[PDB]
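J.: Take this structure, written in structure tokens, and hold onto it; I'll ask about it next.
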Amino acid sequence: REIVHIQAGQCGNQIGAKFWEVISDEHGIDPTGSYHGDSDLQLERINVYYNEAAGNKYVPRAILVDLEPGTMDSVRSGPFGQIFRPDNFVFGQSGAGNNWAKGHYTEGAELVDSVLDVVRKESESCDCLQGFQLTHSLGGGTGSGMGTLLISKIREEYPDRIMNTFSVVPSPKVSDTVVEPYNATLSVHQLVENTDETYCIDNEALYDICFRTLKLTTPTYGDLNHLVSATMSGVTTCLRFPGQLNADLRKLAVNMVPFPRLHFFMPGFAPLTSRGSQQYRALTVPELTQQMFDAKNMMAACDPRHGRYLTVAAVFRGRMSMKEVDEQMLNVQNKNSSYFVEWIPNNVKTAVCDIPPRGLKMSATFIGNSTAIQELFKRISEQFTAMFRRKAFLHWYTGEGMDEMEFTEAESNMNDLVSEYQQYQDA
Amino acid sequence: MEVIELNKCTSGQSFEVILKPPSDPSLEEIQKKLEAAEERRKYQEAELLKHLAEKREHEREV
Amino acid sequence: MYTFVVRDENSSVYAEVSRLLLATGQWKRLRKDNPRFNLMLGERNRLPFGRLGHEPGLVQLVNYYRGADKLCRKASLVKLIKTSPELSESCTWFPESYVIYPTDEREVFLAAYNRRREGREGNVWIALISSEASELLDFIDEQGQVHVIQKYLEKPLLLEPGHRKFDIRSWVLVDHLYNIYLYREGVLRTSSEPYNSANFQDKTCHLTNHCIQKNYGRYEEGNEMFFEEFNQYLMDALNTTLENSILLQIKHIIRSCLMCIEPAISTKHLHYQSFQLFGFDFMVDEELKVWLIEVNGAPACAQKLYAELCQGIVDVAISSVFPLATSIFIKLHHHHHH
Amino acid sequence: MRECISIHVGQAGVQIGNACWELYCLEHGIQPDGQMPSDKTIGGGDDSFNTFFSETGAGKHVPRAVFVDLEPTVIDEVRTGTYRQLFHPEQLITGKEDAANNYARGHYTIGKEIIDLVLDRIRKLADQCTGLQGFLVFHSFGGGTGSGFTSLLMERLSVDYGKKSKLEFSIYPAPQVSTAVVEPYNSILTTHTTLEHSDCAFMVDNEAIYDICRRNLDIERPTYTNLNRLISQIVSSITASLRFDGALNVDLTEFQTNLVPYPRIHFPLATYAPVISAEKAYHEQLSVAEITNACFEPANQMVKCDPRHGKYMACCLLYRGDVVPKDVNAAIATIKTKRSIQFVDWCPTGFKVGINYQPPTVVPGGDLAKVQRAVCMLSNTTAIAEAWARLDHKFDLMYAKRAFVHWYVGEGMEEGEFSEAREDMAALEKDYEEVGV
Ligand SMILES: Nc1nc2c(ncn2[C@@H]2O[C@H](COP(=O)(O)OP(=O)(O)OP(=O)(O)O)[C@@H](O)[C@H]2O)c(=O)[nH]1
Ligand SMILES: Nc1ncnc2c1ncn2[C@@H]1O[C@H](COP(=O)(O)OP(=O)(O)CP(=O)(O)O)[C@@H](O)[C@H]1O
Ligand SMILES: c1cc(CNc2cc3c(cn2)[nH]c2ccccc23)cc(Oc2ccc3c(c2)OCO3)c1
Ligand SMILES: Nc1nc2c(ncn2[C@@H]2O[C@H](COP(=O)(O)OP(=O)(O)O)[C@@H](O)[C@H]2O)c(=O)[nH]1
Ligand SMILES: [Ca+2]
Ligand SMILES: [Mg+2]
Ligand SMILES: [Mg+2]
């Protein structure tokens, strides 16, 4: 059951390359695409993400997209650049100017059909494709505007395939330009319709984590992306390694998403670790469980205690007692059952994988479908309205053909989404 | 108390003990249920592909 | 941190138990339909016993014994005695009673009554208290559902000063191990009007109910005499004690009743656990013989005692199962060898 | 002699079927290559074991089994397992992508594309049958295939085989070994649609098997392998009368006669004893009285419930090993005095007893100790309705919010089927209570 991976834009390609770097190591694939591991467990599901080529060489089923060449040139000269199939580098030259309109309507439109040719070519070589995944930001123009155009066109050509995303939500604390609330609001509308799972990475939670917990005084985007790739590896562990039970993306989505529009998840990771800084003391199951449920370990800057969990998935990695896991997981729910909806019975599920990640004997990944995520969308809406009530910076968009009405529309849909979350918070 | 119908063979035996006495739809309708749900599917798929077509028009217009 | 839910709001006793539990700092209340409770204080109707003991990692305890209604319903209690050999139609401490259905053992009650009228013996019955069988057989058909007929005790022990009537109420706690605990403090729900042996139709001296008595308050505060006084009155007037003359029989009746249905209701090996508080109602005749009248499965306590009993329930029924970070009960056990 | 065809649907059904057919081979002395030395009816016969096995001219004994999954990976493990030679490819039917725990997907969307092929491979086995009794159908309530496709298969089998009996073994969902959350929906939908096509259904609650494995086999956190070997022991106890010489429950028809007076109420409760850890060093072997009395302990039941608070309509005791009628009746008489065993007023208070002298076979390398005598009790008690009550309440909680419904509607299913099935269950719950109080 193959997955096709797509990464779009500055942020999308930088976190995306880290993903392939991290899991390529987990599967014993070197920067040449050659396997040099010890176990057979790390090749049993390798077809999920890698195509097998001549010479017993493994090639990521990855398509790399940008409207400017700078970041993708840096990928090929990068730590694992050689592994990617060179025909899958699809890029323009003009850039998107941190402008959703350019990525979605004018510059991206020019380029999108070329991208879809590669998607189709990678799909037709799939025995049974089980879905697509995208990495991208919502604050820029390529990943935000063109990424959501791709998603719309993928759903047109593959309407029954699962589509999941890691979407970096913008924040003023870690910010490139002032129009990010505009691009994020326009993108969220598209995600609400055309994705099955969206893992919301709020770039300020990554910042607070890097500063307040890893004691990094001036974190870079690189430090921020180490946390993201840890989560990306964690949430895909049970598809990449033989384990307790195997569910395809559809079955996983069915049991996590009770309502089609409420598919924006809160990811988290324990233990939280910085690059290089070596961790020597392994965590106990109680420590992993407290930390992965703690607000400080969440990567969407939302207090889980301000909402209620609709569903929760937790993925523990390493050698540990699944009995101790069961008891500790059941202890968290039974101790804070007022933050779980009583009308979805047994809505906290768990999986264990014996293969730990690089550098940790033991880790846990948290996937929370909480109504508290509305706080993230309330933040974007406030920032959106603060400029939009004065029509500020809109000339960048009206000059690409957009009307004020599309912004009003985008604003209203996200205020609906916020109110939808509030309905189930009080039920 | 009362042991009846005792029956014995080389493999085993069986009996009964009483402690006290007392005091489809057709292949037609099936085919139709299924096809009335397959049409329900393509109506929903068509509305999506239509909704995606209105979007495409808006992209051309912008 | 143990957790619990409340599903009976009319419950005076467990309203206080809820207060005790919250004021320990180690119990927390969830809401009625939150199924992640350690403890349930359930409704009296259609309590969903089938949904308990299926929550992984939660020891679950409910304050009711499934099946205990066969003891706490007059029609079923009559049945249980004359049907269980361990109680046996010849039972010495339960009044002669029959089950009569409105238009069954009405024929059987005609015959057992006829040589109680045409046998030259004392003769009164209760459901209405009359002395003629038709005065009653016309009333049960006239009111609706099944009623119990029962021989009426025409010679009740009478409390002087007053030549009055009374009934005794004892509270019994059965824990999850089926230990039978008798609360040491009972009460007499006494009449204040002298018993009138002739005219049964005025039922203010025949019926001792605390409500139906509301000469209220003349002799005792609340038509409620506690055990210290009733013991004293027995000593002064009859030379005996409460323990010897009455209580021994009370403990015998309590134990016989609860041991009879133990196999049917015990939760020893079950996936959930039960305790329950019962109120037994007794009735002493002039020869100091104790009679069992009814078993109330959802009893209310008396005002001086709520503090003590509701604490006792918490100590031996709940904290025994959910321990936290001299006794007021008498344990009823007996194994005579034969 | 009359043949029985076994249908294993979905992950749970397939893996339980493997557990059962492996145990069957050990019990009948059939080797993994299908050779049965002791059978001198080379290439044929009408012995009792031929009910479940057919024979080839080369003396191969082949299960009358069809495995069907909407996803290859579980049944591929059959095609490569120790008993790969036993079945032939025409019996192993797989799809491409599964029902994703979605009843509507297994019944309507994906089921439509495979139902005809399955009925064809079933009709290829029924053609080899001199006289067919019916089918034993193994599946889960929770899975999309186990719930959705099973009910579609059962509707059609009642059409293609109207005279022919149908029994299920059904896995009732338990949170402890399930990563799904929509199982209450699938359970009620499949029960409503299968109920009037099934003559007798043996439910097994994974919660009960799980706790039995923990308490009595000293297994910290059971796997499906631990659960399935225990389940197959019980299934084998139920089907032994169909595979061995005897006079009790000799055809599928007798199962409903003896166990199911009321057609709708066709869910007998199974209780099994003794379960003894093979790793237990010293074990005092248990008597006929002890194992029989253990049949009335809720902790030994396939579904945790309290039979003391319901009424029996039928009760069979099935013994394997060193048991004789005298000891059975002495044990029953003792148990009658001590325990609450109350029948409906229009059924006799009694037990049908079948004894097979061969003590239960255990898988070499399994978790079960060999025992001198074991028993499985099949009792039709209204107390099993507690399981319907738990499942229906969970269904009500989610459906009040329409949680997850959009998945089912999006495969072509109407919201009204949810309410139809739920009220059928509400009717069933009252049928049980009319009879039981
Ligand atoms: N006892 C037992 N139960 C199982 C086994 N495998 C799966 N289950 C149960 O089946 C339920 C989920 O349905 P599945 O049978 O796995 O799914 P399916 O039948 O393959 O149908 P799909 O959803 O299309 O995959 C869970 O509640 C599991 O407890 C097994 O091997 N043994
Ligand atoms: N056989 C009998 N002989 C004499 N008096 C009797 C009797 N049976 C009942 N009584 C009287 O009837 C009165 C109330 O009867 P009963 O106990 O049935 O009412 P009740 O059920 O409302 C009490 P509670 O309020 O505690 O539930 C008692 O005071 C008792 O003295
Ligand atoms: C594939 C699978 C997943 C995991 N989805 C999931 C898991 C579980 C679940 C429901 N859903 N319920 C569970 C119960 C127990 C255990 C696990 C689950 C997420 C994903 O998203 C992306 C998107 C872009 C990326 C990316 C991953 O990596 C690099 O770029 C892609
Ligand atoms: N985590 C992370 N976020 C980034 C990175 N680069 C840009 N961003 C975020 O994405 C937004 C800008 O979008 P951009 O990446 O330029 O979109 P593009 O035009 O598609 O490349 C800003 O709000 C940044 O916070 C990165 O390397 N890591
Ligand atoms: Ca033969
Ligand atoms: Mg930028
Ligand atoms: Mg499956």
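Residues are named by chain letter and number: chains run A, B, ... in the order of the structure tokens, numbers start at 1 in each chain, and ligands are numbered from 1 in the order shown.
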Using only C-alpha atoms and all ligand atoms, find each protein or nucleic acid residue lying at most 8 Å from ligand 6; present the set as a PyMOL selection string.
T.: chain A and resi 10-11+97-98+139-140+176-177
J.: Atoms to include: N, CA and C atoms. Write the selected residues as a compact mmCIF listing (two decimals), in the first residue's frame.
T.:
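Result written to out-v1.txt:
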# COMPACT_ATOMS: atom_id res chain seq x y z
N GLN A 10 9.18 26.81 0.33
CA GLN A 10 10.31 26.99 1.23
C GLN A 10 10.17 26.09 2.45
N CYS A 11 9.15 26.33 3.27
CA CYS A 11 8.97 25.53 4.48
C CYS A 11 8.68 24.07 4.14
N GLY A 97 6.29 35.26 -3.99
CA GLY A 97 6.21 36.51 -3.24
C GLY A 97 5.38 36.43 -1.99
N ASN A 98 5.36 35.28 -1.31
CA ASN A 98 4.57 35.11 -0.10
C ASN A 98 3.12 35.51 -0.34
N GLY A 139 1.66 30.14 5.46
CA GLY A 139 1.95 31.56 5.57
C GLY A 139 2.59 32.17 4.34
N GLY A 140 3.22 31.35 3.51
CA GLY A 140 3.86 31.79 2.29
C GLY A 140 2.91 31.77 1.11
N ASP A 176 7.72 35.75 8.63
CA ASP A 176 8.46 36.32 7.51
C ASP A 176 7.82 37.60 6.99
N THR A 177 6.50 37.65 6.87
CA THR A 177 5.82 38.82 6.34
C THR A 177 4.49 38.99 7.06
J.: Produce as a ChimeraX atom specification the set of residues near ligand 1, where near means within 8 Å with only C-alpha atoms and all ligand atoms considered.
T.: /A:247,251 /D:9-16,69-71,97-103,105-106,139-147,171-180,183,204,206,209,224-225,227-228,231
J.: Just want the 12 Å neighbourhood of residue 216 (chain A), counted on only C-alpha atoms, with same-chain residues fewer than 2 positions away dropped. Output as a tab-separated table (two decimals) with N, CA and C atoms, in the first residue's frame.
T.:
chain	number	residue	atom	x	y	z
A	206	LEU	N	6.67	25.44	18.48
A	206	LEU	CA	8.02	24.96	18.21
A	206	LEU	C	9.06	25.93	18.77
A	207	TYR	N	8.78	27.23	18.69
A	207	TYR	CA	9.71	28.22	19.22
A	207	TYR	C	9.77	28.14	20.74
A	208	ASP	N	8.62	28.22	21.40
A	208	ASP	CA	8.60	28.13	22.86
A	208	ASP	C	9.24	26.84	23.34
A	209	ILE	N	9.02	25.74	22.62
A	209	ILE	CA	9.62	24.47	23.00
A	209	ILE	C	11.14	24.56	22.89
A	210	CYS	N	11.63	25.10	21.77
A	210	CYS	CA	13.07	25.20	21.57
A	210	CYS	C	13.71	26.12	22.60
A	211	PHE	N	13.01	27.17	23.01
A	211	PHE	CA	13.57	28.14	23.94
A	211	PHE	C	13.39	27.71	25.39
A	212	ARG	N	12.16	27.40	25.80
A	212	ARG	CA	11.87	27.20	27.21
A	212	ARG	C	12.21	25.80	27.71
A	213	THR	N	12.38	24.83	26.82
A	213	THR	CA	12.57	23.44	27.23
A	213	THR	C	13.90	22.86	26.78
A	214	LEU	N	14.31	23.12	25.54
A	214	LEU	CA	15.60	22.69	25.04
A	214	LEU	C	16.69	23.71	25.33
A	218	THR	N	18.52	31.30	20.70
A	218	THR	CA	18.10	31.81	19.39
A	218	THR	C	17.89	30.64	18.48
A	219	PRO	N	16.73	29.98	18.55
A	219	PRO	CA	16.48	28.84	17.67
A	219	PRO	C	16.34	29.25	16.21
A	220	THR	N	16.87	28.42	15.33
A	220	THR	CA	16.72	28.58	13.89
A	220	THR	C	15.55	27.74	13.39
A	222	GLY	N	16.01	25.40	11.52
A	222	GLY	CA	16.54	24.05	11.62
A	222	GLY	C	16.21	23.38	12.94
A	223	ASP	N	16.35	24.12	14.05
A	223	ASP	CA	15.94	23.58	15.34
A	223	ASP	C	14.44	23.30	15.35
A	224	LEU	N	13.66	24.19	14.75
A	224	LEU	CA	12.22	24.00	14.69
A	224	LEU	C	11.86	22.74	13.92
A	273	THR	N	13.63	16.76	22.70
A	273	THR	CA	15.09	16.74	22.65
A	273	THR	C	15.57	17.70	21.58
A	274	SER	N	16.75	18.27	21.81
A	274	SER	CA	17.40	19.14	20.85
A	274	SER	C	18.44	18.36	20.05
A	275	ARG	N	18.74	18.87	18.87
A	275	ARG	CA	19.83	18.32	18.07
A	275	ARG	C	21.10	18.24	18.91
A	276	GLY	N	21.86	17.17	18.71
A	276	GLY	CA	23.17	17.08	19.34
A	276	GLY	C	23.14	16.77	20.82
A	277	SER	N	22.43	17.58	21.60
A	277	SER	CA	22.37	17.38	23.04
A	277	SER	C	21.95	15.94	23.32
J.: Using only C-alpha atoms, determine which residues lie at most 7 Å from region 10-14 of chain B, disregarding the query and same-chain residues fewer than 5 positions distant; provide the list as number ranges by chain.
T.: D: 245-248, 353-357
J.: How about saving the chosen residues, N, CA, C and O atoms kept, as a PDB file, in the first residue's frame?
T.:
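Just written: again.pdb:
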ATOM      1  N   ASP D 245     -18.436 -39.767  16.109  1.00  0.00           N
ATOM      2  CA  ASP D 245     -19.584 -40.624  16.370  1.00  0.00           C
ATOM      3  C   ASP D 245     -20.324 -40.154  17.616  1.00  0.00           C
ATOM      4  O   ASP D 245     -19.712 -39.779  18.619  1.00  0.00           O
ATOM      5  N   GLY D 246     -21.649 -40.172  17.545  1.00  0.00           N
ATOM      6  CA  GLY D 246     -22.459 -39.769  18.676  1.00  0.00           C
ATOM      7  C   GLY D 246     -23.912 -39.638  18.278  1.00  0.00           C
ATOM      8  O   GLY D 246     -24.301 -39.919  17.139  1.00  0.00           O
ATOM      9  N   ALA D 247     -24.713 -39.189  19.247  1.00  0.00           N
ATOM     10  CA  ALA D 247     -26.152 -39.074  19.061  1.00  0.00           C
ATOM     11  C   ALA D 247     -26.731 -37.733  19.492  1.00  0.00           C
ATOM     12  O   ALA D 247     -27.954 -37.564  19.431  1.00  0.00           O
ATOM     13  N   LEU D 248     -25.904 -36.783  19.923  1.00  0.00           N
ATOM     14  CA  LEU D 248     -26.363 -35.462  20.336  1.00  0.00           C
ATOM     15  C   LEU D 248     -25.762 -34.413  19.413  1.00  0.00           C
ATOM     16  O   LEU D 248     -24.558 -34.435  19.139  1.00  0.00           O
ATOM     17  N   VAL D 353     -26.841 -33.995  27.508  1.00  0.00           N
ATOM     18  CA  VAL D 353     -25.453 -34.310  27.818  1.00  0.00           C
ATOM     19  C   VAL D 353     -24.860 -35.114  26.673  1.00  0.00           C
ATOM     20  O   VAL D 353     -25.450 -36.105  26.227  1.00  0.00           O
ATOM     21  N   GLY D 354     -23.699 -34.678  26.197  1.00  0.00           N
ATOM     22  CA  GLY D 354     -22.914 -35.452  25.262  1.00  0.00           C
ATOM     23  C   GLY D 354     -21.511 -35.640  25.794  1.00  0.00           C
ATOM     24  O   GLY D 354     -20.863 -34.671  26.203  1.00  0.00           O
ATOM     25  N   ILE D 355     -21.037 -36.881  25.817  1.00  0.00           N
ATOM     26  CA  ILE D 355     -19.697 -37.206  26.287  1.00  0.00           C
ATOM     27  C   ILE D 355     -18.916 -37.796  25.124  1.00  0.00           C
ATOM     28  O   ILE D 355     -19.388 -38.730  24.466  1.00  0.00           O
ATOM     29  N   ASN D 356     -17.735 -37.243  24.866  1.00  0.00           N
ATOM     30  CA  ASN D 356     -16.750 -37.842  23.978  1.00  0.00           C
ATOM     31  C   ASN D 356     -15.540 -38.222  24.818  1.00  0.00           C
ATOM     32  O   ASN D 356     -15.024 -37.393  25.574  1.00  0.00           O
ATOM     33  N   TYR D 357     -15.098 -39.475  24.700  1.00  0.00           N
ATOM     34  CA  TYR D 357     -14.094 -39.982  25.632  1.00  0.00           C
ATOM     35  C   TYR D 357     -12.709 -39.399  25.369  1.00  0.00           C
ATOM     36  O   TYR D 357     -11.890 -39.328  26.292  1.00  0.00           O
TER      37      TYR D 357
END
J.: Which residues form the shell of 10 Å around ligand 5 when you count only C-alpha atoms and all ligand atoms, given as a ChimeraX atom specification?
T.: /D:36,38-51,53-55,59,61
J.: Would you save the residues from that selection as a PDB file, in the first residue's frame, using N, CA, C and O atoms?
T.:
ATOM      1  N   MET D  36      -4.002 -38.508   5.919  1.00  0.00           N
ATOM      2  CA  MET D  36      -4.611 -39.038   7.139  1.00  0.00           C
ATOM      3  C   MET D  36      -4.390 -40.545   7.135  1.00  0.00           C
ATOM      4  O   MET D  36      -5.225 -41.306   6.624  1.00  0.00           O
ATOM      5  N   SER D  38      -4.766 -42.968   9.222  1.00  0.00           N
ATOM      6  CA  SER D  38      -5.784 -43.821   9.820  1.00  0.00           C
ATOM      7  C   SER D  38      -7.009 -43.981   8.932  1.00  0.00           C
ATOM      8  O   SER D  38      -7.733 -44.974   9.074  1.00  0.00           O
ATOM      9  N   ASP D  39      -7.269 -43.041   8.026  1.00  0.00           N
ATOM     10  CA  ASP D  39      -8.373 -43.219   7.086  1.00  0.00           C
ATOM     11  C   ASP D  39      -7.989 -44.296   6.082  1.00  0.00           C
ATOM     12  O   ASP D  39      -7.059 -44.114   5.291  1.00  0.00           O
ATOM     13  N   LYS D  40      -8.692 -45.425   6.121  1.00  0.00           N
ATOM     14  CA  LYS D  40      -8.547 -46.461   5.109  1.00  0.00           C
ATOM     15  C   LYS D  40      -9.562 -46.316   3.987  1.00  0.00           C
ATOM     16  O   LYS D  40      -9.468 -47.035   2.985  1.00  0.00           O
ATOM     17  N   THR D  41     -10.518 -45.395   4.124  1.00  0.00           N
ATOM     18  CA  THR D  41     -11.401 -45.007   3.019  1.00  0.00           C
ATOM     19  C   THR D  41     -10.621 -44.072   2.092  1.00  0.00           C
ATOM     20  O   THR D  41     -10.830 -42.859   2.053  1.00  0.00           O
ATOM     21  N   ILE D  42      -9.684 -44.660   1.345  1.00  0.00           N
ATOM     22  CA  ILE D  42      -8.824 -43.858   0.482  1.00  0.00           C
ATOM     23  C   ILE D  42      -9.664 -43.218  -0.613  1.00  0.00           C
ATOM     24  O   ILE D  42     -10.450 -43.893  -1.291  1.00  0.00           O
ATOM     25  N   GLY D  43      -9.512 -41.907  -0.781  1.00  0.00           N
ATOM     26  CA  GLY D  43     -10.174 -41.211  -1.864  1.00  0.00           C
ATOM     27  C   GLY D  43     -11.653 -40.982  -1.677  1.00  0.00           C
ATOM     28  O   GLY D  43     -12.314 -40.526  -2.615  1.00  0.00           O
ATOM     29  N   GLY D  44     -12.196 -41.275  -0.503  1.00  0.00           N
ATOM     30  CA  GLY D  44     -13.611 -41.070  -0.279  1.00  0.00           C
ATOM     31  C   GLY D  44     -14.037 -41.644   1.056  1.00  0.00           C
ATOM     32  O   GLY D  44     -13.211 -42.039   1.883  1.00  0.00           O
ATOM     33  N   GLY D  45     -15.354 -41.675   1.245  1.00  0.00           N
ATOM     34  CA  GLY D  45     -15.939 -42.195   2.463  1.00  0.00           C
ATOM     35  C   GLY D  45     -17.134 -41.384   2.913  1.00  0.00           C
ATOM     36  O   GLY D  45     -17.426 -40.328   2.345  1.00  0.00           O
ATOM     37  N   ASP D  46     -17.850 -41.880   3.918  1.00  0.00           N
ATOM     38  CA  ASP D  46     -18.910 -41.131   4.580  1.00  0.00           C
ATOM     39  C   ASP D  46     -18.763 -41.243   6.089  1.00  0.00           C
ATOM     40  O   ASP D  46     -19.746 -41.369   6.826  1.00  0.00           O
ATOM     41  N   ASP D  47     -17.521 -41.213   6.568  1.00  0.00           N
ATOM     42  CA  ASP D  47     -17.258 -41.145   7.995  1.00  0.00           C
ATOM     43  C   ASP D  47     -17.659 -39.772   8.530  1.00  0.00           C
ATOM     44  O   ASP D  47     -17.888 -38.821   7.778  1.00  0.00           O
ATOM     45  N   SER D  48     -17.750 -39.674   9.857  1.00  0.00           N
ATOM     46  CA  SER D  48     -18.195 -38.425  10.466  1.00  0.00           C
ATOM     47  C   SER D  48     -17.232 -37.283  10.160  1.00  0.00           C
ATOM     48  O   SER D  48     -17.662 -36.144   9.944  1.00  0.00           O
ATOM     49  N   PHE D  49     -15.926 -37.562  10.144  1.00  0.00           N
ATOM     50  CA  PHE D  49     -14.961 -36.507   9.857  1.00  0.00           C
ATOM     51  C   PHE D  49     -15.088 -35.983   8.431  1.00  0.00           C
ATOM     52  O   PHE D  49     -14.630 -34.870   8.152  1.00  0.00           O
ATOM     53  N   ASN D  50     -15.702 -36.749   7.526  1.00  0.00           N
ATOM     54  CA  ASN D  50     -15.925 -36.269   6.167  1.00  0.00           C
ATOM     55  C   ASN D  50     -16.938 -35.134   6.111  1.00  0.00           C
ATOM     56  O   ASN D  50     -17.079 -34.501   5.059  1.00  0.00           O
ATOM     57  N   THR D  51     -17.652 -34.871   7.208  1.00  0.00           N
ATOM     58  CA  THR D  51     -18.523 -33.701   7.262  1.00  0.00           C
ATOM     59  C   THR D  51     -17.727 -32.422   7.039  1.00  0.00           C
ATOM     60  O   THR D  51     -18.223 -31.468   6.426  1.00  0.00           O
ATOM     61  N   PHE D  53     -14.134 -32.508   6.107  1.00  0.00           N
ATOM     62  CA  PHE D  53     -13.061 -32.728   5.150  1.00  0.00           C
ATOM     63  C   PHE D  53     -13.592 -33.502   3.952  1.00  0.00           C
ATOM     64  O   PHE D  53     -14.409 -34.416   4.104  1.00  0.00           O
ATOM     65  N   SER D  54     -13.133 -33.126   2.764  1.00  0.00           N
ATOM     66  CA  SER D  54     -13.294 -33.932   1.565  1.00  0.00           C
ATOM     67  C   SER D  54     -11.985 -34.664   1.286  1.00  0.00           C
ATOM     68  O   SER D  54     -10.945 -34.371   1.878  1.00  0.00           O
ATOM     69  N   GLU D  55     -12.043 -35.632   0.378  1.00  0.00           N
ATOM     70  CA  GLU D  55     -10.898 -36.476   0.079  1.00  0.00           C
ATOM     71  C   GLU D  55     -10.579 -36.431  -1.409  1.00  0.00           C
ATOM     72  O   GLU D  55     -11.472 -36.278  -2.250  1.00  0.00           O
ATOM     73  N   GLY D  59      -5.680 -39.321  -1.583  1.00  0.00           N
ATOM     74  CA  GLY D  59      -5.809 -39.424  -0.143  1.00  0.00           C
ATOM     75  C   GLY D  59      -5.601 -38.140   0.624  1.00  0.00           C
ATOM     76  O   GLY D  59      -5.323 -38.191   1.827  1.00  0.00           O
ATOM     77  N   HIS D  61      -6.913 -34.951   2.549  1.00  0.00           N
ATOM     78  CA  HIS D  61      -8.106 -34.518   3.266  1.00  0.00           C
ATOM     79  C   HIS D  61      -8.105 -33.001   3.330  1.00  0.00           C
ATOM     80  O   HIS D  61      -7.213 -32.392   3.924  1.00  0.00           O
TER      81      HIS D  61
END
J.: Taking only C-alpha atoms and all ligand atoms and a cut-off of 10 Å, can you tell me which residues surround ligand 2, written as a ChimeraX atom specification?
T.: /C:72-74,94-97,124-129,148-156,165-169,188-191,203-212,279-285,291-300
J.: Considering only strand (DSSP E) as DSSP defines it on the backbone, what residues of chain B qualify? List them as a ChimeraX atom specification.
T.: /B:2-8,12-20
J.: Need the shell around residue 2 (chain B): protein/DNA/RNA residues with any atom at most 7 Å away, counting only C-alpha atoms. Skip same-chain ones fewer than 5 positions apart. Format as JSON, numbers by chain?
T.: {"B": [17, 18, 19]}
J.: Go ahead and write the selection's residues with N, CA, C and O atoms as a compact mmCIF listing (two decimals), in the first residue's frame.
T.:
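Contents of again_21.txt, freshly written:
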# COMPACT_ATOMS: atom_id res chain seq x y z
N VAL B 17 -31.26 -35.43 30.95
CA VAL B 17 -31.72 -35.51 32.33
C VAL B 17 -32.70 -34.37 32.57
O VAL B 17 -32.35 -33.20 32.36
N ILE B 18 -33.91 -34.71 32.99
CA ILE B 18 -34.95 -33.73 33.28
C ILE B 18 -35.17 -33.71 34.79
O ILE B 18 -35.53 -34.74 35.38
N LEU B 19 -34.94 -32.56 35.41
CA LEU B 19 -35.22 -32.38 36.82
C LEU B 19 -36.67 -31.98 37.09
O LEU B 19 -37.11 -32.05 38.24
J.: Leaving out residue 84 (chain C) and any residue of its chain fewer than 2 positions from it, which residues lie within 12 Å of it when counting only C-alpha atoms, given as a PyMOL selection string?
T.: (chain C and resi 70-71+76-82+86-91+256-257+259-261+264) or (chain D and resi 337+340)
J.: Could you dump the residues just selected with C-alpha atoms as a compact mmCIF listing (two decimals), in the first residue's frame?
T.:
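What landed in selection.txt:
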# COMPACT_ATOMS: atom_id res chain seq x y z
CA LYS C 70 -37.05 -10.11 45.91
CA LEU C 71 -36.59 -9.20 49.60
CA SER C 76 -41.94 -11.17 46.45
CA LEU C 77 -40.96 -11.35 50.12
CA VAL C 78 -44.03 -13.44 50.93
CA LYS C 79 -43.07 -15.66 48.02
CA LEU C 80 -39.43 -15.99 49.08
CA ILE C 81 -40.28 -17.20 52.59
CA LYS C 82 -42.87 -19.88 51.76
CA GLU C 86 -34.39 -22.19 54.64
CA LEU C 87 -37.36 -19.94 55.55
CA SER C 88 -40.12 -22.47 54.96
CA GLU C 89 -43.90 -21.90 55.07
CA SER C 90 -43.56 -22.70 58.82
CA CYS C 91 -41.30 -19.66 59.48
CA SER C 256 -31.57 -15.68 57.98
CA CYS C 257 -33.00 -13.35 55.34
CA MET C 259 -28.12 -15.72 53.93
CA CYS C 260 -31.19 -17.08 52.13
CA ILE C 261 -30.62 -14.95 49.01
CA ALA C 264 -28.67 -15.34 44.12
CA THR D 337 -29.28 -27.23 45.26
CA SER D 340 -29.90 -20.21 40.98
